[PDB]
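**Student:** The file below is coords34.txt, compact mmCIF, N, CA, C and O atoms:
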# COMPACT_ATOMS: atom_id res chain seq x y z
N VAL L 295 -1.99 -3.77 93.50
CA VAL L 295 -1.34 -3.99 92.22
C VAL L 295 -0.78 -5.40 92.19
O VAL L 295 -0.13 -5.84 93.15
N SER L 296 -1.03 -6.11 91.10
CA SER L 296 -0.54 -7.47 90.95
C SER L 296 0.15 -7.60 89.60
O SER L 296 -0.34 -7.09 88.59
N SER L 297 1.29 -8.29 89.60
CA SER L 297 2.02 -8.54 88.37
C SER L 297 1.80 -9.98 87.92
O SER L 297 2.11 -10.93 88.65
N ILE L 298 1.25 -10.14 86.72
CA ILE L 298 0.92 -11.45 86.18
C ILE L 298 1.62 -11.62 84.84
O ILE L 298 1.50 -10.76 83.96
N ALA L 299 2.34 -12.72 84.69
CA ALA L 299 3.03 -13.06 83.46
C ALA L 299 2.68 -14.48 83.06
O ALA L 299 2.23 -15.28 83.88
N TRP L 300 2.87 -14.78 81.78
CA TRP L 300 2.57 -16.12 81.29
C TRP L 300 3.53 -17.14 81.89
O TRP L 300 4.72 -17.18 81.54
N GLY L 301 3.01 -17.97 82.78
CA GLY L 301 3.81 -18.92 83.51
C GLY L 301 4.06 -20.19 82.72
O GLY L 301 3.82 -20.27 81.51
N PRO L 302 4.57 -21.22 83.41
CA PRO L 302 4.90 -22.47 82.71
C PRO L 302 3.71 -23.13 82.04
O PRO L 302 3.76 -23.42 80.84
N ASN L 303 2.63 -23.38 82.77
CA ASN L 303 1.47 -24.08 82.22
C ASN L 303 0.59 -23.13 81.42
O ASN L 303 0.48 -23.25 80.19
N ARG L 304 -0.03 -22.17 82.10
CA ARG L 304 -0.80 -21.13 81.41
C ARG L 304 -0.60 -19.73 81.97
O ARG L 304 -0.81 -18.77 81.22
N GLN L 305 -0.20 -19.56 83.23
CA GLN L 305 -0.06 -18.23 83.80
C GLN L 305 0.76 -18.30 85.08
O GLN L 305 0.92 -19.37 85.68
N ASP L 306 1.28 -17.14 85.47
CA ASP L 306 2.00 -16.99 86.73
C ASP L 306 1.61 -15.65 87.34
O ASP L 306 1.48 -14.65 86.63
N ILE L 307 1.42 -15.65 88.66
CA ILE L 307 0.92 -14.47 89.36
C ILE L 307 1.91 -14.06 90.43
O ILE L 307 2.37 -14.87 91.23
N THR L 308 2.22 -12.76 90.45
CA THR L 308 3.07 -12.19 91.49
C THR L 308 2.43 -10.88 91.94
O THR L 308 2.50 -9.88 91.22
N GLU L 309 1.83 -10.89 93.12
CA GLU L 309 1.05 -9.76 93.61
C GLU L 309 1.92 -8.85 94.47
O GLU L 309 3.06 -9.18 94.81
N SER L 310 1.36 -7.69 94.81
CA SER L 310 1.99 -6.72 95.69
C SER L 310 1.00 -6.30 96.78
O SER L 310 -0.19 -6.59 96.71
N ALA L 311 1.53 -5.59 97.79
CA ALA L 311 0.76 -5.15 98.95
C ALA L 311 -0.25 -4.08 98.56
O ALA L 311 0.05 -3.19 97.76
N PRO L 312 -1.45 -4.14 99.12
CA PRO L 312 -2.45 -3.11 98.85
C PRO L 312 -2.11 -1.80 99.54
O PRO L 312 -1.33 -1.74 100.50
N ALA L 313 -2.70 -0.73 99.02
CA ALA L 313 -2.49 0.60 99.57
C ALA L 313 -3.77 1.41 99.43
O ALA L 313 -4.64 1.10 98.61
N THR L 314 -3.89 2.45 100.26
CA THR L 314 -5.06 3.31 100.28
C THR L 314 -4.64 4.76 100.05
O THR L 314 -3.51 5.16 100.36
N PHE L 315 -5.56 5.54 99.50
CA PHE L 315 -5.30 6.94 99.24
C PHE L 315 -6.62 7.69 99.16
O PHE L 315 -7.63 7.15 98.69
N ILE L 316 -6.61 8.93 99.64
CA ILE L 316 -7.78 9.80 99.63
C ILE L 316 -7.42 11.09 98.92
O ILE L 316 -6.26 11.53 98.93
N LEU L 317 -8.41 11.70 98.28
CA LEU L 317 -8.24 12.93 97.52
C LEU L 317 -9.01 14.05 98.22
O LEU L 317 -10.24 14.02 98.27
N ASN L 318 -8.28 15.03 98.75
CA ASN L 318 -8.87 16.18 99.41
C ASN L 318 -8.13 17.44 98.98
O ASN L 318 -7.24 17.40 98.12
N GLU L 319 -8.52 18.57 99.57
CA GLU L 319 -7.86 19.83 99.27
C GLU L 319 -6.40 19.83 99.66
O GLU L 319 -5.60 20.56 99.06
N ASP L 320 -6.02 19.03 100.66
CA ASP L 320 -4.63 18.92 101.06
C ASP L 320 -3.76 18.33 99.96
O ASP L 320 -2.56 18.60 99.92
N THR L 321 -4.34 17.53 99.08
CA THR L 321 -3.59 16.91 98.00
C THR L 321 -3.23 17.96 96.96
O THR L 321 -4.12 18.65 96.46
N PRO L 322 -1.95 18.12 96.61
CA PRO L 322 -1.58 19.08 95.57
C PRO L 322 -2.20 18.71 94.23
O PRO L 322 -2.34 17.53 93.89
N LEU L 323 -2.57 19.73 93.47
CA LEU L 323 -3.20 19.56 92.17
C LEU L 323 -2.39 20.29 91.11
O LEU L 323 -2.06 21.47 91.27
N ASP L 324 -2.07 19.59 90.02
CA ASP L 324 -1.44 20.22 88.88
C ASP L 324 -2.44 20.89 87.95
O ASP L 324 -2.02 21.67 87.08
N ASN L 325 -3.73 20.61 88.11
CA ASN L 325 -4.79 21.17 87.27
C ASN L 325 -4.54 20.89 85.80
O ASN L 325 -5.11 19.95 85.23
N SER L 326 -3.70 21.71 85.17
CA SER L 326 -3.34 21.69 83.76
C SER L 326 -4.54 21.99 82.86
O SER L 326 -4.38 22.00 81.64
N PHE L 327 -5.72 22.24 83.42
CA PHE L 327 -6.87 22.59 82.59
C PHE L 327 -7.03 24.10 82.47
O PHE L 327 -7.75 24.58 81.58
N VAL L 328 -6.35 24.85 83.34
CA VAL L 328 -6.35 26.31 83.33
C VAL L 328 -7.78 26.77 83.59
O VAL L 328 -8.45 26.25 84.49
N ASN L 329 -8.27 27.75 82.83
CA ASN L 329 -9.55 28.39 83.11
C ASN L 329 -10.08 29.09 81.87
O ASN L 329 -9.71 28.75 80.74
N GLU L 330 -10.99 30.05 82.07
CA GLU L 330 -11.70 30.77 81.01
C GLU L 330 -12.69 29.85 80.29
O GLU L 330 -12.69 29.71 79.07
N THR L 331 -13.55 29.23 81.09
CA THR L 331 -14.66 28.43 80.59
C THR L 331 -15.97 29.09 81.01
O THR L 331 -16.15 29.41 82.19
N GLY L 332 -16.86 29.30 80.04
CA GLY L 332 -18.13 29.95 80.34
C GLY L 332 -19.00 29.08 81.23
O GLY L 332 -19.01 27.85 81.13
N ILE L 333 -19.76 29.74 82.11
CA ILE L 333 -20.67 29.11 83.06
C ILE L 333 -19.90 28.24 84.05
O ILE L 333 -19.39 27.18 83.69
N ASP L 334 -19.83 28.69 85.30
CA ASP L 334 -19.11 27.97 86.35
C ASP L 334 -20.11 27.29 87.27
O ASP L 334 -21.03 27.93 87.79
N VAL L 335 -19.91 25.99 87.49
CA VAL L 335 -20.71 25.23 88.45
C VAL L 335 -19.79 24.70 89.54
O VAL L 335 -19.16 23.65 89.38
N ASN L 336 -19.71 25.42 90.65
CA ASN L 336 -18.83 25.04 91.74
C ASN L 336 -19.55 25.19 93.08
O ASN L 336 -20.70 25.63 93.16
N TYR L 337 -18.85 24.81 94.15
CA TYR L 337 -19.36 24.98 95.50
C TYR L 337 -19.62 26.43 95.85
O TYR L 337 -20.47 26.71 96.70
N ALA L 338 -18.92 27.37 95.21
CA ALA L 338 -18.98 28.77 95.58
C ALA L 338 -20.27 29.47 95.17
O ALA L 338 -21.01 29.92 96.04
N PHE L 339 -20.55 29.56 93.87
CA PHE L 339 -21.66 30.38 93.41
C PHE L 339 -22.07 29.94 92.01
O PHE L 339 -21.62 28.91 91.50
N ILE L 340 -22.93 30.75 91.41
CA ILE L 340 -23.34 30.60 90.01
C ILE L 340 -23.22 31.98 89.37
O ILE L 340 -24.16 32.79 89.45
N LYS L 341 -22.08 32.25 88.74
CA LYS L 341 -21.80 33.55 88.15
C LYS L 341 -21.78 33.43 86.63
O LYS L 341 -21.14 32.53 86.08
N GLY L 342 -22.49 34.33 85.97
CA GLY L 342 -22.49 34.40 84.52
C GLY L 342 -21.95 35.74 84.05
O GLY L 342 -22.31 36.79 84.59
N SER L 343 -21.09 35.69 83.04
CA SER L 343 -20.46 36.89 82.51
C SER L 343 -20.48 36.84 80.99
O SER L 343 -20.48 35.76 80.40
N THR F 99 26.66 -72.36 53.68
CA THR F 99 26.40 -71.27 54.62
C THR F 99 25.21 -70.45 54.13
O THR F 99 25.10 -70.14 52.94
N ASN F 100 24.33 -70.10 55.06
CA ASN F 100 23.13 -69.33 54.76
C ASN F 100 23.24 -67.95 55.37
O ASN F 100 23.76 -67.78 56.48
N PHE F 101 22.75 -66.95 54.64
CA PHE F 101 22.81 -65.56 55.08
C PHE F 101 21.66 -64.81 54.43
O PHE F 101 20.76 -65.41 53.83
N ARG F 102 21.68 -63.49 54.55
CA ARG F 102 20.66 -62.65 53.94
C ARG F 102 21.23 -61.27 53.67
O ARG F 102 21.99 -60.72 54.48
N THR F 103 20.85 -60.71 52.53
CA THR F 103 21.27 -59.38 52.14
C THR F 103 20.60 -58.32 53.00
O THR F 103 19.56 -58.54 53.62
N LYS F 104 21.22 -57.14 53.04
CA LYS F 104 20.69 -56.03 53.82
C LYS F 104 19.41 -55.49 53.20
O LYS F 104 19.19 -55.59 51.99
N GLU F 105 18.58 -54.89 54.05
CA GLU F 105 17.33 -54.28 53.61
C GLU F 105 17.55 -52.82 53.27
O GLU F 105 18.21 -52.09 54.02
N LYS F 106 17.01 -52.39 52.14
CA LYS F 106 17.12 -51.00 51.75
C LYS F 106 16.29 -50.14 52.70
O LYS F 106 15.10 -50.41 52.89
N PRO F 107 16.88 -49.12 53.32
CA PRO F 107 16.09 -48.24 54.20
C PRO F 107 15.06 -47.45 53.40
O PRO F 107 15.40 -46.75 52.45
N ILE F 108 13.80 -47.58 53.81
CA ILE F 108 12.69 -46.89 53.15
C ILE F 108 11.90 -46.13 54.20
O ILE F 108 11.93 -46.45 55.39
N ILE F 109 11.18 -45.11 53.74
CA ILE F 109 10.38 -44.27 54.62
C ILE F 109 9.02 -44.93 54.78
O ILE F 109 8.23 -45.00 53.84
N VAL F 110 8.73 -45.41 55.99
CA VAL F 110 7.45 -46.04 56.26
C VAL F 110 6.40 -44.99 56.60
O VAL F 110 5.39 -44.84 55.90
N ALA F 111 6.63 -44.23 57.67
CA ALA F 111 5.72 -43.17 58.06
C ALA F 111 6.54 -41.96 58.46
O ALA F 111 7.65 -42.08 58.98
N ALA F 112 5.99 -40.78 58.20
CA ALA F 112 6.69 -39.53 58.49
C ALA F 112 5.68 -38.46 58.85
O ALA F 112 4.60 -38.37 58.25
N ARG F 113 6.04 -37.64 59.83
CA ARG F 113 5.20 -36.53 60.26
C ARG F 113 6.07 -35.54 61.02
O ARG F 113 7.18 -35.86 61.46
N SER F 114 5.56 -34.33 61.16
CA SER F 114 6.24 -33.27 61.90
C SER F 114 5.30 -32.75 62.97
O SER F 114 4.14 -32.44 62.69
N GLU F 115 5.80 -32.64 64.19
CA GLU F 115 5.03 -32.17 65.33
C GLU F 115 5.78 -31.06 66.04
O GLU F 115 7.00 -31.11 66.23
N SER F 116 5.03 -30.03 66.44
CA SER F 116 5.59 -28.92 67.19
C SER F 116 5.03 -28.97 68.61
O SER F 116 3.82 -29.05 68.81
N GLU F 117 5.93 -28.95 69.57
CA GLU F 117 5.51 -28.97 70.97
C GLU F 117 4.77 -27.67 71.30
O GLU F 117 5.24 -26.59 70.94
N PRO F 118 3.60 -27.75 71.93
CA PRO F 118 2.88 -26.52 72.31
C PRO F 118 3.46 -25.94 73.58
O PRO F 118 3.25 -26.46 74.68
N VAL F 119 4.20 -24.84 73.44
CA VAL F 119 4.74 -24.11 74.58
C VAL F 119 3.70 -23.10 75.04
O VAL F 119 2.84 -22.68 74.26
N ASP F 120 3.78 -22.72 76.31
CA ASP F 120 2.84 -21.74 76.84
C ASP F 120 2.93 -20.40 76.14
O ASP F 120 1.89 -19.80 75.84
N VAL F 121 4.13 -19.91 75.88
CA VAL F 121 4.34 -18.63 75.22
C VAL F 121 4.66 -18.94 73.76
O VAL F 121 5.82 -19.13 73.39
N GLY F 122 3.62 -18.99 72.93
CA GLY F 122 3.81 -19.24 71.52
C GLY F 122 3.71 -20.70 71.13
O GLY F 122 3.01 -21.49 71.78
N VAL F 123 4.41 -21.07 70.06
CA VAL F 123 4.46 -22.44 69.57
C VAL F 123 5.92 -22.85 69.45
O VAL F 123 6.74 -22.11 68.90
N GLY F 124 6.24 -24.04 69.96
CA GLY F 124 7.60 -24.52 69.88
C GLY F 124 8.00 -24.90 68.46
O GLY F 124 7.18 -25.04 67.57
N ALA F 125 9.31 -25.07 68.28
CA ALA F 125 9.83 -25.41 66.96
C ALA F 125 9.37 -26.81 66.55
O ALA F 125 9.52 -27.76 67.32
N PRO F 126 8.80 -26.96 65.36
CA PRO F 126 8.34 -28.28 64.93
C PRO F 126 9.50 -29.25 64.73
O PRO F 126 10.60 -28.87 64.33
N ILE F 127 9.23 -30.52 65.01
CA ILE F 127 10.20 -31.59 64.85
C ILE F 127 9.57 -32.68 63.99
O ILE F 127 8.47 -33.15 64.28
N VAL F 128 10.27 -33.07 62.94
CA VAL F 128 9.79 -34.09 62.02
C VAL F 128 10.10 -35.46 62.60
O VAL F 128 11.25 -35.77 62.92
N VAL F 129 9.06 -36.28 62.76
CA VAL F 129 9.19 -37.64 63.27
C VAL F 129 8.94 -38.60 62.12
O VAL F 129 7.86 -38.59 61.52
N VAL F 130 9.94 -39.43 61.82
CA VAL F 130 9.90 -40.31 60.67
C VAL F 130 10.09 -41.75 61.13
O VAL F 130 10.99 -42.04 61.93
N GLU F 131 9.24 -42.64 60.64
CA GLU F 131 9.36 -44.07 60.88
C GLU F 131 9.93 -44.73 59.63
O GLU F 131 9.38 -44.59 58.54
N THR F 132 11.04 -45.45 59.80
CA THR F 132 11.74 -46.05 58.68
C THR F 132 12.17 -47.47 59.03
O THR F 132 12.38 -47.81 60.19
N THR F 133 12.29 -48.29 57.99
CA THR F 133 12.76 -49.66 58.13
C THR F 133 13.78 -49.94 57.03
O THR F 133 13.66 -49.46 55.90
N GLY F 134 14.78 -50.74 57.38
CA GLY F 134 15.84 -51.12 56.47
C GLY F 134 17.15 -51.28 57.20
O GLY F 134 17.22 -51.19 58.43
N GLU F 135 18.21 -51.53 56.43
CA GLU F 135 19.55 -51.71 56.98
C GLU F 135 20.50 -50.74 56.29
O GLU F 135 20.52 -50.65 55.06
N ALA F 136 21.28 -50.02 57.09
CA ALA F 136 22.25 -49.07 56.57
C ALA F 136 23.20 -48.66 57.69
O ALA F 136 22.77 -48.49 58.83
N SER F 137 24.48 -48.52 57.35
CA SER F 137 25.45 -48.05 58.33
C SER F 137 25.12 -46.64 58.79
O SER F 137 25.17 -46.33 59.99
N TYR F 138 24.79 -45.76 57.85
CA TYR F 138 24.31 -44.42 58.16
C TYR F 138 23.40 -43.97 57.03
O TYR F 138 23.51 -44.45 55.89
N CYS F 139 22.51 -43.04 57.35
CA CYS F 139 21.50 -42.60 56.40
C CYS F 139 21.58 -41.09 56.22
O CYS F 139 21.85 -40.34 57.17
N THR F 140 21.34 -40.65 54.99
CA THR F 140 21.26 -39.24 54.65
C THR F 140 19.85 -38.94 54.16
O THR F 140 19.37 -39.59 53.23
N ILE F 141 19.21 -37.96 54.78
CA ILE F 141 17.83 -37.60 54.47
C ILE F 141 17.82 -36.17 53.95
O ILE F 141 18.32 -35.26 54.62
N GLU F 142 17.25 -35.98 52.76
CA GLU F 142 17.14 -34.66 52.16
C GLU F 142 15.69 -34.38 51.82
O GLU F 142 14.90 -35.29 51.54
N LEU F 143 15.33 -33.10 51.85
CA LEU F 143 13.97 -32.67 51.56
C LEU F 143 13.98 -31.61 50.48
O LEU F 143 14.84 -30.71 50.47
N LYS F 144 13.03 -31.71 49.56
CA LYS F 144 12.86 -30.76 48.47
C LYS F 144 11.48 -30.12 48.60
O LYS F 144 10.48 -30.83 48.73
N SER F 145 11.44 -28.80 48.57
CA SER F 145 10.17 -28.09 48.69
C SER F 145 9.30 -28.33 47.46
O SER F 145 9.79 -28.30 46.33
N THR F 146 8.02 -28.56 47.70
CA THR F 146 7.07 -28.75 46.61
C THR F 146 6.45 -27.45 46.13
O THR F 146 5.76 -27.45 45.10
N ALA F 147 6.68 -26.34 46.83
CA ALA F 147 6.16 -25.05 46.37
C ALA F 147 6.77 -24.65 45.04
O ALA F 147 6.07 -24.16 44.15
Let me see the file written as structure tokens.

**Tutor:**
Amino acid sequence: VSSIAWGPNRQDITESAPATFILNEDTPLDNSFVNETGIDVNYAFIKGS
Amino acid sequence: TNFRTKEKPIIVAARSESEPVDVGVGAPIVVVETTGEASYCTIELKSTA
């Protein structure tokens, strides 16, 4: 992440330290999409109802 | 004894310039070139609109 503002001449730059992150099952999920969608395509199976 | 009368101050050249600031445009400043003799001068402007 870098913070850039209009400096004296034309621009000014103030950066920050980089960081890394990975997304796995250990990462908590808020979902918020809920469920009840027809036709499921997942790692588990292919079930139709 | 020889002398000379004062010169009436007249407007020779006049213009207004605004300094270009990085963030926006600076306030314009009117630059006027004048010649004549006067203890002090009063300058007034009337809008032509």

**Student:** Residues at most 6 Å from region 128-140 of chain F, counting all atoms listed in the file, excluding those fewer than 6 positions away in the same chain, as a PyMOL selection string?

**Tutor:** chain F and resi 104-115

**Student:** Could you write those residues out with N, CA, C and O atoms, as a PDB file, in the coordinates of the input?

**Tutor:**
ATOM      1  N   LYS F 104      21.220 -57.140  53.040  1.00  0.00           N
ATOM      2  CA  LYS F 104      20.690 -56.030  53.820  1.00  0.00           C
ATOM      3  C   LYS F 104      19.410 -55.490  53.200  1.00  0.00           C
ATOM      4  O   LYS F 104      19.190 -55.590  51.990  1.00  0.00           O
ATOM      5  N   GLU F 105      18.580 -54.890  54.050  1.00  0.00           N
ATOM      6  CA  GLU F 105      17.330 -54.280  53.610  1.00  0.00           C
ATOM      7  C   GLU F 105      17.550 -52.820  53.270  1.00  0.00           C
ATOM      8  O   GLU F 105      18.210 -52.090  54.020  1.00  0.00           O
ATOM      9  N   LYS F 106      17.010 -52.390  52.140  1.00  0.00           N
ATOM     10  CA  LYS F 106      17.120 -51.000  51.750  1.00  0.00           C
ATOM     11  C   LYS F 106      16.290 -50.140  52.700  1.00  0.00           C
ATOM     12  O   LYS F 106      15.100 -50.410  52.890  1.00  0.00           O
ATOM     13  N   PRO F 107      16.880 -49.120  53.320  1.00  0.00           N
ATOM     14  CA  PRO F 107      16.090 -48.240  54.200  1.00  0.00           C
ATOM     15  C   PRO F 107      15.060 -47.450  53.400  1.00  0.00           C
ATOM     16  O   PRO F 107      15.400 -46.750  52.450  1.00  0.00           O
ATOM     17  N   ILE F 108      13.800 -47.580  53.810  1.00  0.00           N
ATOM     18  CA  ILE F 108      12.690 -46.890  53.150  1.00  0.00           C
ATOM     19  C   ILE F 108      11.900 -46.130  54.200  1.00  0.00           C
ATOM     20  O   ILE F 108      11.930 -46.450  55.390  1.00  0.00           O
ATOM     21  N   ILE F 109      11.180 -45.110  53.740  1.00  0.00           N
ATOM     22  CA  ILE F 109      10.380 -44.270  54.620  1.00  0.00           C
ATOM     23  C   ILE F 109       9.020 -44.930  54.780  1.00  0.00           C
ATOM     24  O   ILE F 109       8.230 -45.000  53.840  1.00  0.00           O
ATOM     25  N   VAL F 110       8.730 -45.410  55.990  1.00  0.00           N
ATOM     26  CA  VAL F 110       7.450 -46.040  56.260  1.00  0.00           C
ATOM     27  C   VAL F 110       6.400 -44.990  56.600  1.00  0.00           C
ATOM     28  O   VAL F 110       5.390 -44.840  55.900  1.00  0.00           O
ATOM     29  N   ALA F 111       6.630 -44.230  57.670  1.00  0.00           N
ATOM     30  CA  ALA F 111       5.720 -43.170  58.060  1.00  0.00           C
ATOM     31  C   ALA F 111       6.540 -41.960  58.460  1.00  0.00           C
ATOM     32  O   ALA F 111       7.650 -42.080  58.980  1.00  0.00           O
ATOM     33  N   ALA F 112       5.990 -40.780  58.200  1.00  0.00           N
ATOM     34  CA  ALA F 112       6.690 -39.530  58.490  1.00  0.00           C
ATOM     35  C   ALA F 112       5.680 -38.460  58.850  1.00  0.00           C
ATOM     36  O   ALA F 112       4.600 -38.370  58.250  1.00  0.00           O
ATOM     37  N   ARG F 113       6.040 -37.640  59.830  1.00  0.00           N
ATOM     38  CA  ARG F 113       5.200 -36.530  60.260  1.00  0.00           C
ATOM     39  C   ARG F 113       6.070 -35.540  61.020  1.00  0.00           C
ATOM     40  O   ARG F 113       7.180 -35.860  61.460  1.00  0.00           O
ATOM     41  N   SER F 114       5.560 -34.330  61.160  1.00  0.00           N
ATOM     42  CA  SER F 114       6.240 -33.270  61.900  1.00  0.00           C
ATOM     43  C   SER F 114       5.300 -32.750  62.970  1.00  0.00           C
ATOM     44  O   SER F 114       4.140 -32.440  62.690  1.00  0.00           O
ATOM     45  N   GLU F 115       5.800 -32.640  64.190  1.00  0.00           N
ATOM     46  CA  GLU F 115       5.030 -32.170  65.330  1.00  0.00           C
ATOM     47  C   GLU F 115       5.780 -31.060  66.040  1.00  0.00           C
ATOM     48  O   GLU F 115       7.000 -31.110  66.230  1.00  0.00           O
TER      49      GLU F 115
END

**Student:** Starting from chain F, keep only residues with some atom at most 9 Å from an atom of chain L, counting only C-alpha atoms, and report them as a VMD selection string.

**Tutor:** chain F and resid 119 to 121

**Student:** So that I can check the surroundings of residue 298 (chain L), please list as number ranges by chain every protein, DNA and RNA residue that reaches within 4.5 Å of it, counting all atoms listed in the file and ignoring chain neighbours fewer than 2 positions away.

**Tutor:** L: 296, 306-307

**Student:** How many Å separate atom O of residue 317 (chain L) from CA of residue 335 (chain L)?

**Tutor:** 18.2 Å

**Student:** One number please: atom N of residue 141 (chain F) to CA of residue 103 (chain F), in Å, one decimal.

**Tutor:**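 Atom-to-atom, atom N of residue 141 (chain F) to CA of residue 103 (chain F), that is 21.7 Å.
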